[PDB]
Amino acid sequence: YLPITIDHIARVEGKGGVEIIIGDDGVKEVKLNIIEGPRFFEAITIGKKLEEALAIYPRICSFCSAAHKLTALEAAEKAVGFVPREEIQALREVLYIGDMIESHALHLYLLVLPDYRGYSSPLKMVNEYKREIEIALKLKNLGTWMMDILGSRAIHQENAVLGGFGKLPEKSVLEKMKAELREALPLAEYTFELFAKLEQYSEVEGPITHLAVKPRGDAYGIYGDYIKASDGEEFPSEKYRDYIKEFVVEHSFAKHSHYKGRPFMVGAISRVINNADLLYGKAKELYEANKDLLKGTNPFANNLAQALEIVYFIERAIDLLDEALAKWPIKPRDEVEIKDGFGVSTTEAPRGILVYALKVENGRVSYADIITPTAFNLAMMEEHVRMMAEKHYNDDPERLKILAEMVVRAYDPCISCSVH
């Protein structure tokens, strides 16, 4: 009856808010109200032909068009029984890594750092911290450029198609890339050492359940057929319903999710906690020297795990462009018989796990189930804000309203994703 309402959260993707309920005991409930209109991407596409429903899923969210679209892809292709050609996956992993490289570098640098430096806007430390932001746009624009080469674009990639790609580039470009990647690994190196010196607050330390796709071969990756949880459990990616369940609350247009009847966290610390040993390159050594910072016990270690992965994914697409280039010349796409069937895929989107589940019958989409990572995260997010609200509630409100948000901004919430 005297709430703390943060009508909008700055420097996150989407339209949302907070209603932290203060009592007489301290903190009752924390409510992240999420107001971003459903766009019913799960229903308006129903009865629509596959291809046509597929060029539309990326418009759920511009921070992760590749992810959605390259995930839509894998699940329409288990459905119609296709299998990718080998160098054609390596390219899809590459394109996913410039969605990844850029997302983090845009969340970290233009959404997270402003709070630990004093600035409301990133458009502000422009002539005060020039080198960082020049480091910022260099990582981001190897991101932005990679997507503009293998996907026509960064926001909603129309070249990645059923079967592969509509025009793969000249060889020299996958070489120049690998040349621009190698001229990037020192830039993410800087970003590791910057976000590790930063504060992972004490009011949030506490036990968390961490879930992640498991890499379908020898290395830390994105694609894979087995969701792992931090207890030491594993369950088939095809039974995500039979192991995690949804529920509507009146205080959001986004569902909420439980593993084992309780909150869990996906989104990069989750991947390091679960699949840390599958790493190599400068990133293995950076985890094996900075691990009292990469524990599953603090939200904000999401931010430094991002920095680590820009080390990994930079180096791995170096190898992955190399693998592709050993099958050159490559036919762009192969023909896909659209036969009926069902398919689930689970991939590591920039923020945790994205599930696409597609049913097609007679060329058109009869069913679909999507759950995005910010939606998965909404519910431990609220608890970690409560935990901060506990140890700070009878503060000057504006001293409080800053620190809960940083927590929100530590998940990299992407609300156009949690509501589709």
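When you see a residue number, it is the position in the sequence shown, counting from 1.
Between 103-111 and 118-126 (mean CA B-factor, as deposited), the higher | In the deposited entry, the stretch with the higher C-alpha B-factor mean is 118-126.
Which has the higher mean CA temperature factor in the PDB entry, 344-352 or 317-325?
-> Taking the mean B-factor of the alpha carbons in each, 317-325 is higher.
Quick one: which of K291, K178, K167, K138 has the biggest Cα B-factor according to the entry?
-> Answer, based on the entry's C-alpha B-factors: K291.
Have a look at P263, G151, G143, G221 and flag the one whose Cα has the highest B-factor in the entry.
-> Comparing C-alpha B-factors across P263, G151, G143, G221, the maximum falls on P263.
Chain third (lowest, middle, highest) by recorded CA B-factor, residue given as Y190 | Ranked within chain, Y190 CA B lands in the middle tercile.
According to the PDB entry, is the CA B factor of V204 in the bottom, middle or top third of its chain, that is, lowest, middle or highest?
-> As the PDB entry reports it, the C-alpha B-factor of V204 lands in the middle third of its chain.
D225's Cα B-factor: lowest, middle or highest third of the chain?
-> Highest third of the chain for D225's C-alpha B-factor.
Mind checking which third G363 falls in for C-alpha B-factor across the chain?
-> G363: CA B-factor falls in the highest third of its chain.
Tell me, lowest, middle or highest third: where does the Cα B factor of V311 rank within its chain?
-> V311: CA B-factor falls in the highest third of its chain.
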